[PDB]
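Since the structure comes first, as structure tokens, the remarks are kept for the end.
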Amino acid sequence: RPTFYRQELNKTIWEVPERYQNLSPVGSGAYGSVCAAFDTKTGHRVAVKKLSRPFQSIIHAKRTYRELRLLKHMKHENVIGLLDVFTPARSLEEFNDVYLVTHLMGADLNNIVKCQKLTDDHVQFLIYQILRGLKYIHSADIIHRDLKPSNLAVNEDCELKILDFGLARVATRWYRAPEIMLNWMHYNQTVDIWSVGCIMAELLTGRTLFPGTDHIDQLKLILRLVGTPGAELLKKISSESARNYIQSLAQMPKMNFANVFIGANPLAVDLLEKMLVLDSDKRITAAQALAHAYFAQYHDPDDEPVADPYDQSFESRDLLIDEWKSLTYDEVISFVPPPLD
Ligand SMILES: COc1ccccc1Nc1cc2cnn(-c3csc(C(=O)NC4COC4)c3)c2cc1F
Ligand SMILES: CCCCCCCCO[C@@H]1O[C@H](CO)[C@@H](O)[C@H](O)[C@H]1O
Ligand SMILES: CCCCCCCCO[C@@H]1O[C@H](CO)[C@@H](O)[C@H](O)[C@H]1O
């Protein structure tokens with residue numbers, strides 16, 4: 001096993017192999033903090049994320065096993081991927097800290113939206129990569145459900161990777177499909193397509209499409225643009241209070257996207273209209289959206305791969321903290337790094 005060295009960063013203790021040098025904090029999330037480092041084996045800067053209290057409870061323990069098993073499965077250019085996984089522990093009884101290594105990106109999509117003037121070619125390329133990674137993710141039977149700007153890491157090259165959890169260093173509600181906020185409790189993959197549609201609209205206009213103050217106000221803003229739900233959608237709503245409140249609204253017609261997004265590429269307006277429909281069954285899928293004329297300059301059917309089937313059976317099991325702890329330890333030991341290009 002490699003040699004480790006210890007240091008304190010942000011009132012935290014980091015124990016990492018010697019190969020990673022010059023640790024520098026980037027940001028923090030709710031389940032871990034991220035540092036930039038120099039990988040002496042490759043000469044590249046990487047990103048090292050120390051999980052916060054990985055095995056403090058059953059919930060934390062399962063979440064840790066979930067992220068590790070998921071990340072180990074993600075092998076795609078537009079999806080965050082694992083370059084290395086390490087723990088300072090040399091035994092399972094010592095096992096209590098988990099680190100994850102990945103490529104170091106340039107910034108979040110909030111920082112690229114901060115400039116507020118993206119060229120239409122920037123939107124084609126950025127949204128094409130999101131959709132490309134989303135097709136891979138959705139091919140694994142995986143739904144993201146929390147897509148938002150902080151989840152899109154980009155380099156100055158404009159190359160994009162989808163992150164499972166971004167840096168909290170944006171309410172999230174602004175990018176959630178309406179069914180989620182209705183608590184439908186069983187979502188199509190197209191819930192992510194709705195999020196993508198909300199992101200693309202921001203990149204084009206420079207403003208939040210649905211900057212709602214809460215969940216009801218959010219649904220009210222959505223209704224203004226897309227219009228009141230049709231009779232065939234109201235049938236599918238079981239909650240009477242939900243139906244009653246949606247029906248009891250004053251009712252508004254669907255706005256013409258050509259007007260609200262005037263000045264934008266007409267091919268982008270058509271794509272948005274196919275993404276932001278209330279019926280999840282009618283929303284364009286990631287695969288179909290890649291074939292949209294808006295992406296003619298980047299689309300390649302032979303270079304948009306799918307993922308192997310991902311087994312999420314463990315999600316229904318209720319196990320003890322030590323069982324989740326040992327399975328995670330098993331996944332750390334079984335890790336095989338990808339070959340350096
Ligand atoms: C390594 O952590 C993980 C490990 C495994 C799974 C997920 C993660 N999370 C995670 C990974 C990445 C890679 N990049 N970024 C990033 C966003 S913004 C920025 C920046 O400002 N980069 C400048 C400053 O030095 C260049 C860099 C990340 C932010 C993250 F939350
Ligand atoms: C790189 C692939 C990203 C996988 C997305 C899962 C991590 C973000 O999603 C998380 O897990 C749940 C799974 O549906 C989501 O529903 C929750 O919103 C969130 O906690
Ligand atoms: C508040 C504004 C009306 C919200 C309408 C959202 C309709 C979402 O669409 C629905 O998604 C469900 C799963 O999430 C599917 O079971 C339904 O078939 C589909 O129509």
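Every chain in the structure tokens takes a letter, A first, then B, and so on in the order presented; its residues are numbered from 1, and the ligands are numbered from 1 following the presented order.
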
Contact check, stretch 228-267 of chain A to stretch 291-303 of chain A, at most 12 Å, counting only C-alpha atoms, closest pairs as a tab-separated table:
```
residue	atom	partner	partner_atom	distance
A:264	CA	A:294	CA	11.7
A:265	CA	A:294	CA	8.5
A:266	CA	A:294	CA	8.7
A:267	CA	A:294	CA	5.1
```

Keeping only N, CA and C atoms, write the selected residues to a file as a tab-separated table (two decimals), in the first residue's frame.
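Written out: selection-v3.tsv:
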```tsv
chain	number	residue	atom	x	y	z
A	264	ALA	N	-33.61	34.13	-30.01
A	264	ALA	CA	-32.89	32.87	-29.93
A	264	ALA	C	-32.99	32.12	-31.26
A	265	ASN	N	-32.04	31.21	-31.45
A	265	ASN	CA	-32.03	30.34	-32.62
A	265	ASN	C	-33.37	29.60	-32.72
A	266	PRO	N	-34.09	29.74	-33.83
A	266	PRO	CA	-35.38	29.03	-33.95
A	266	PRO	C	-35.27	27.54	-33.70
A	267	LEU	N	-34.15	26.92	-34.07
A	267	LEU	CA	-33.96	25.50	-33.77
A	267	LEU	C	-33.87	25.26	-32.27
```

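Omitting residue A:313 and its sequence neighbours fewer than 6 positions away, and counting only C-alpha atoms, the residues within 12 Å are residues 66, 69 and 141 of chain A.
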
Produce a file of the selected residues containing N, CA, C and O atoms, as a PDB file, in the first residue's frame.
```
ATOM      1  N   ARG A  66     -23.840   3.882  -1.919  1.00  0.00           N
ATOM      2  CA  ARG A  66     -24.531   4.233  -3.155  1.00  0.00           C
ATOM      3  C   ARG A  66     -23.633   5.044  -4.080  1.00  0.00           C
ATOM      4  O   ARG A  66     -23.509   4.733  -5.271  1.00  0.00           O
ATOM      5  N   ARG A  69     -20.619   2.791  -5.435  1.00  0.00           N
ATOM      6  CA  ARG A  69     -21.047   1.836  -6.452  1.00  0.00           C
ATOM      7  C   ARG A  69     -21.470   2.545  -7.732  1.00  0.00           C
ATOM      8  O   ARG A  69     -21.191   2.067  -8.838  1.00  0.00           O
ATOM      9  N   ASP A 141     -30.625   2.900 -16.608  1.00  0.00           N
ATOM     10  CA  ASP A 141     -31.843   2.899 -15.800  1.00  0.00           C
ATOM     11  C   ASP A 141     -31.733   3.839 -14.602  1.00  0.00           C
ATOM     12  O   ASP A 141     -32.417   3.652 -13.594  1.00  0.00           O
TER      13      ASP A 141
END
```

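Atom CA of residue A:83 sits 5.4 Å away from atom CA of residue A:101.
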
Any residue with an atom at most 8 Å from ligand 1 counts, using only C-alpha atoms and all ligand atoms. Which are they? Put them as a short mmCIF file (atom, residue, chain, number, x, y, z; two decimals) with N, CA and C atoms, in the first residue's frame.
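Output contents, as saved in out-v1.cif:
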```cif
data_model
loop_
_atom_site.label_atom_id
_atom_site.label_comp_id
_atom_site.auth_asym_id
_atom_site.auth_seq_id
_atom_site.Cartn_x
_atom_site.Cartn_y
_atom_site.Cartn_z
N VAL A 26 -11.33 23.61 -2.92
CA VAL A 26 -12.14 24.19 -3.98
C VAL A 26 -13.51 24.63 -3.45
N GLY A 27 -14.25 23.71 -2.84
CA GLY A 27 -15.55 24.03 -2.30
C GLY A 27 -16.01 22.92 -1.39
N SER A 28 -17.30 22.96 -1.06
CA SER A 28 -17.86 21.97 -0.17
C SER A 28 -19.32 21.72 -0.54
N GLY A 29 -19.76 20.49 -0.28
CA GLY A 29 -21.16 20.13 -0.42
C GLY A 29 -21.74 19.68 0.91
N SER A 33 -16.35 17.50 1.20
CA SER A 33 -15.59 18.65 0.73
C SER A 33 -14.59 18.22 -0.33
N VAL A 34 -14.25 19.15 -1.22
CA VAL A 34 -13.44 18.85 -2.39
C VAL A 34 -12.18 19.70 -2.36
N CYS A 35 -11.05 19.07 -2.68
CA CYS A 35 -9.76 19.74 -2.79
C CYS A 35 -9.16 19.47 -4.16
N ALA A 36 -8.45 20.46 -4.68
CA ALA A 36 -7.63 20.27 -5.86
C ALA A 36 -6.26 19.74 -5.45
N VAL A 46 -5.97 16.95 -10.19
CA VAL A 46 -7.19 16.18 -10.01
C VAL A 46 -8.05 16.83 -8.94
N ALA A 47 -9.19 16.22 -8.65
CA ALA A 47 -10.08 16.66 -7.59
C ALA A 47 -10.25 15.52 -6.59
N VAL A 48 -10.03 15.82 -5.31
CA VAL A 48 -10.12 14.83 -4.25
C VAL A 48 -11.25 15.24 -3.32
N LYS A 49 -12.21 14.33 -3.11
CA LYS A 49 -13.38 14.59 -2.29
C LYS A 49 -13.37 13.65 -1.10
N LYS A 50 -13.25 14.21 0.10
CA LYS A 50 -13.35 13.43 1.33
C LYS A 50 -14.81 13.39 1.77
N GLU A 67 -23.00 6.09 -3.55
CA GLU A 67 -22.16 6.94 -4.40
C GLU A 67 -20.97 6.17 -4.94
N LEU A 71 -20.50 5.71 -8.85
CA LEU A 71 -19.36 6.33 -9.52
C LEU A 71 -18.47 5.29 -10.18
N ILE A 80 -19.08 12.42 -14.62
CA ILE A 80 -17.97 12.35 -13.68
C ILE A 80 -17.56 10.90 -13.49
N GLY A 81 -16.26 10.66 -13.40
CA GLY A 81 -15.74 9.31 -13.30
C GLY A 81 -14.63 9.23 -12.28
N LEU A 82 -14.44 8.01 -11.76
CA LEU A 82 -13.48 7.76 -10.69
C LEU A 82 -12.11 7.45 -11.28
N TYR A 99 -12.14 8.54 0.42
CA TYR A 99 -11.78 9.60 -0.50
C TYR A 99 -12.05 9.15 -1.93
N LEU A 100 -12.45 10.10 -2.77
CA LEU A 100 -12.73 9.84 -4.18
C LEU A 100 -11.95 10.83 -5.03
N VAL A 101 -11.30 10.32 -6.08
CA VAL A 101 -10.48 11.13 -6.97
C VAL A 101 -11.12 11.15 -8.35
N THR A 102 -11.12 12.33 -8.97
CA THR A 102 -11.66 12.50 -10.31
C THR A 102 -10.91 13.63 -11.00
N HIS A 103 -11.23 13.85 -12.27
CA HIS A 103 -10.67 14.98 -12.98
C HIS A 103 -11.06 16.28 -12.30
N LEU A 104 -10.16 17.27 -12.37
CA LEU A 104 -10.44 18.60 -11.87
C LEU A 104 -10.97 19.46 -13.02
N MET A 105 -12.22 19.91 -12.89
CA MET A 105 -12.83 20.75 -13.91
C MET A 105 -12.52 22.22 -13.62
N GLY A 106 -13.00 23.10 -14.49
CA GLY A 106 -12.66 24.51 -14.39
C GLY A 106 -13.58 25.31 -13.49
N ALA A 107 -14.87 25.00 -13.52
CA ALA A 107 -15.85 25.78 -12.77
C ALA A 107 -17.23 25.14 -12.87
N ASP A 108 -18.23 25.76 -12.25
CA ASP A 108 -19.61 25.33 -12.34
C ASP A 108 -20.32 26.07 -13.46
N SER A 150 -25.12 23.87 -10.73
CA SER A 150 -23.94 23.45 -9.98
C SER A 150 -23.54 22.01 -10.28
N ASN A 151 -24.43 21.22 -10.89
CA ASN A 151 -24.13 19.84 -11.25
C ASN A 151 -23.38 19.72 -12.57
N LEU A 152 -23.13 20.83 -13.26
CA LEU A 152 -22.46 20.81 -14.56
C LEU A 152 -21.09 21.47 -14.39
N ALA A 153 -20.05 20.65 -14.32
CA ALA A 153 -18.68 21.13 -14.27
C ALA A 153 -18.15 21.28 -15.69
N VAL A 154 -17.51 22.41 -15.97
CA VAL A 154 -17.02 22.72 -17.31
C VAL A 154 -15.60 23.25 -17.21
N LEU A 163 -22.08 15.99 -12.71
CA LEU A 163 -21.71 15.58 -11.37
C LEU A 163 -22.93 15.01 -10.65
N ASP A 164 -22.70 13.98 -9.84
CA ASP A 164 -23.79 13.46 -9.01
C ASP A 164 -24.20 14.48 -7.95
N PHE A 165 -23.22 15.13 -7.33
CA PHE A 165 -23.47 16.18 -6.35
C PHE A 165 -22.47 17.30 -6.59
N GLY A 166 -22.98 18.51 -6.83
CA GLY A 166 -22.13 19.66 -7.06
C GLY A 166 -21.70 20.33 -5.76
N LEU A 167 -20.89 21.37 -5.91
CA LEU A 167 -20.41 22.13 -4.76
C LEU A 167 -21.44 23.17 -4.35
N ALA A 168 -21.85 23.13 -3.09
CA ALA A 168 -22.72 24.15 -2.54
C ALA A 168 -21.97 25.40 -2.10
#
```

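Straight-line separation from atom CA of residue A:247 to atom 18 (O, counted along the ligand's line) of ligand 3: 18.1 Å.
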
task: For ligand 3, list the contacting residues at 9 Å or closer, counting only C-alpha atoms and all ligand atoms, as a PyMOL selection string.
output: chain A and resi 177-188+190-191+216+218-220+222-223+227-230+232-234+236-237+242-243+245-246+277-283

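Residues surrounding residue A:318 within 12 Å are residues 58, 59, 61, 62, 313, 323 and 324 of chain A [only C-alpha atoms; sequence separation below 5 positions excluded].
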
Discussion item. Neighbouring residues of residue A:37 were defined as those with any atom within 6 Å, considering only C-alpha atoms; residues of the same chain fewer than 3 positions away were excluded. Please report them as an MDAnalysis selection string.
Written reply: chainID A and resid 20:23 45:46

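Between atom CA of residue A:161 and atom CA of residue A:136 the separation is 12.0 Å.
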
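Considering only stretch 118-262 of chain A, backbone DSSP assigns strand (DSSP E) to residues 152, 153, 154, 160, 161 and 162 of chain A.
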
Report task. Go through stretch 47-110 of chain A and collect every residue that DSSP, computed from the backbone, puts in alpha helix (DSSP H); the answer should be as a PyMOL selection string. Result -> chain A and resi 58-73+109-110

Among A:208, A:119, A:110, A:64, ligand 2 is approached most closely, using only C-alpha atoms and all ligand atoms, by A:64

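Distances from A:109, A:137, A:127, A:30 to ligand 2 were compared using only C-alpha atoms and all ligand atoms, and the smallest one belongs to A:137.
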
* Near residue A:333, within 12 Å and counting only C-alpha atoms, which residues show up once chain neighbours fewer than 6 positions away are dropped, as a ChimeraX atom specification? -> /A:1,68,72,84-87,89-92,95,98,326-327

Dump as a PDB file, in the first residue's frame, selection limited to N, CA and C atoms:
```pdb
ATOM      1  N   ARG A   1       0.826  -1.202   0.000  1.00  0.00           N
ATOM      2  CA  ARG A   1       0.000   0.000   0.000  1.00  0.00           C
ATOM      3  C   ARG A   1       0.864   1.257   0.000  1.00  0.00           C
ATOM      4  N   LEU A  68     -20.356   5.321  -4.109  1.00  0.00           N
ATOM      5  CA  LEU A  68     -19.189   4.566  -4.557  1.00  0.00           C
ATOM      6  C   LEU A  68     -19.563   3.577  -5.655  1.00  0.00           C
ATOM      7  N   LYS A  72     -18.251   4.153  -9.512  1.00  0.00           N
ATOM      8  CA  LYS A  72     -17.440   3.096 -10.108  1.00  0.00           C
ATOM      9  C   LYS A  72     -18.033   2.583 -11.414  1.00  0.00           C
ATOM     10  N   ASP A  84      -9.587   7.244  -8.909  1.00  0.00           N
ATOM     11  CA  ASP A  84      -8.974   6.549  -7.785  1.00  0.00           C
ATOM     12  C   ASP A  84      -9.903   6.617  -6.581  1.00  0.00           C
ATOM     13  N   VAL A  85      -9.799   5.605  -5.721  1.00  0.00           N
ATOM     14  CA  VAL A  85     -10.519   5.545  -4.453  1.00  0.00           C
ATOM     15  C   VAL A  85      -9.558   5.012  -3.402  1.00  0.00           C
ATOM     16  N   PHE A  86      -9.461   5.701  -2.266  1.00  0.00           N
ATOM     17  CA  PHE A  86      -8.524   5.273  -1.240  1.00  0.00           C
ATOM     18  C   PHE A  86      -9.088   5.558   0.145  1.00  0.00           C
ATOM     19  N   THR A  87      -8.600   4.786   1.114  1.00  0.00           N
ATOM     20  CA  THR A  87      -8.883   4.963   2.526  1.00  0.00           C
ATOM     21  C   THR A  87      -7.572   4.781   3.275  1.00  0.00           C
ATOM     22  N   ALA A  89      -7.275   3.470   6.013  1.00  0.00           N
ATOM     23  CA  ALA A  89      -7.388   2.269   6.825  1.00  0.00           C
ATOM     24  C   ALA A  89      -6.758   1.075   6.120  1.00  0.00           C
ATOM     25  N   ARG A  90      -6.094   0.227   6.903  1.00  0.00           N
ATOM     26  CA  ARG A  90      -5.532  -1.023   6.412  1.00  0.00           C
ATOM     27  C   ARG A  90      -6.322  -2.234   6.891  1.00  0.00           C
ATOM     28  N   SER A  91      -7.487  -2.015   7.497  1.00  0.00           N
ATOM     29  CA  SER A  91      -8.362  -3.094   7.934  1.00  0.00           C
ATOM     30  C   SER A  91      -9.782  -2.554   8.022  1.00  0.00           C
ATOM     31  N   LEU A  92     -10.749  -3.475   8.063  1.00  0.00           N
ATOM     32  CA  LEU A  92     -12.153  -3.072   8.093  1.00  0.00           C
ATOM     33  C   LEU A  92     -12.512  -2.403   9.415  1.00  0.00           C
ATOM     34  N   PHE A  95     -11.487   0.978   8.999  1.00  0.00           N
ATOM     35  CA  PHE A  95     -12.170   1.664   7.908  1.00  0.00           C
ATOM     36  C   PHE A  95     -13.190   2.675   8.416  1.00  0.00           C
ATOM     37  N   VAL A  98     -13.368   7.764   3.590  1.00  0.00           N
ATOM     38  CA  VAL A  98     -13.390   7.425   2.173  1.00  0.00           C
ATOM     39  C   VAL A  98     -13.060   8.673   1.366  1.00  0.00           C
ATOM     40  N   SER A 326     -19.115  -2.799   5.463  1.00  0.00           N
ATOM     41  CA  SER A 326     -18.275  -3.828   4.859  1.00  0.00           C
ATOM     42  C   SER A 326     -18.437  -3.860   3.344  1.00  0.00           C
ATOM     43  N   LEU A 327     -19.670  -3.716   2.853  1.00  0.00           N
ATOM     44  CA  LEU A 327     -19.884  -3.664   1.411  1.00  0.00           C
ATOM     45  C   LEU A 327     -19.118  -2.505   0.785  1.00  0.00           C
TER      46      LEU A 327
END
```

Counting only C-alpha atoms, the residue among A:116, A:244, A:251, A:24 that lies closest to residue A:10 is A:24

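Distances to ligand 2 were evaluated for A:273, A:202, A:315, A:304 using only C-alpha atoms and all ligand atoms, and the minimum falls at A:315.
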
Can you tell me, as a ChimeraX atom specification, what residues are no more than 9 Å from residue A:53 when counting only C-alpha atoms, ignoring any on the same chain fewer than 2 positions away? /A:31-32,51,55-57,60-61,96-97

Serialized selection, N, CA and C atoms, as a PDB file, in the first residue's frame:
```
ATOM      1  N   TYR A  31     -22.426  16.390   1.657  1.00  0.00           N
ATOM      2  CA  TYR A  31     -21.906  15.069   1.987  1.00  0.00           C
ATOM      3  C   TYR A  31     -20.392  14.976   1.846  1.00  0.00           C
ATOM      4  N   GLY A  32     -19.708  16.094   1.617  1.00  0.00           N
ATOM      5  CA  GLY A  32     -18.264  16.058   1.489  1.00  0.00           C
ATOM      6  C   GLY A  32     -17.650  17.347   0.988  1.00  0.00           C
ATOM      7  N   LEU A  51     -15.369  12.192   1.854  1.00  0.00           N
ATOM      8  CA  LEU A  51     -16.733  12.056   2.341  1.00  0.00           C
ATOM      9  C   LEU A  51     -16.811  12.487   3.799  1.00  0.00           C
ATOM     10  N   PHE A  55     -19.900   6.889   7.649  1.00  0.00           N
ATOM     11  CA  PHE A  55     -20.555   5.774   8.322  1.00  0.00           C
ATOM     12  C   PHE A  55     -21.119   6.182   9.680  1.00  0.00           C
ATOM     13  N   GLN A  56     -21.556   7.436   9.807  1.00  0.00           N
ATOM     14  CA  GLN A  56     -22.090   7.910  11.078  1.00  0.00           C
ATOM     15  C   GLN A  56     -23.453   7.312  11.399  1.00  0.00           C
ATOM     16  N   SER A  57     -24.190   6.850  10.392  1.00  0.00           N
ATOM     17  CA  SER A  57     -25.506   6.267  10.602  1.00  0.00           C
ATOM     18  C   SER A  57     -25.801   5.305   9.459  1.00  0.00           C
ATOM     19  N   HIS A  60     -26.236   7.560   6.305  1.00  0.00           N
ATOM     20  CA  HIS A  60     -24.932   7.932   5.769  1.00  0.00           C
ATOM     21  C   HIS A  60     -24.223   6.729   5.160  1.00  0.00           C
ATOM     22  N   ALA A  61     -24.318   5.569   5.815  1.00  0.00           N
ATOM     23  CA  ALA A  61     -23.607   4.385   5.344  1.00  0.00           C
ATOM     24  C   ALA A  61     -24.134   3.927   3.990  1.00  0.00           C
ATOM     25  N   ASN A  96     -12.907   3.963   8.245  1.00  0.00           N
ATOM     26  CA  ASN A  96     -13.869   4.984   8.642  1.00  0.00           C
ATOM     27  C   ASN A  96     -13.835   6.232   7.773  1.00  0.00           C
ATOM     28  N   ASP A  97     -12.922   6.342   6.811  1.00  0.00           N
ATOM     29  CA  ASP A  97     -12.839   7.505   5.940  1.00  0.00           C
ATOM     30  C   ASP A  97     -12.703   7.048   4.495  1.00  0.00           C
TER      31      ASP A  97
END
```
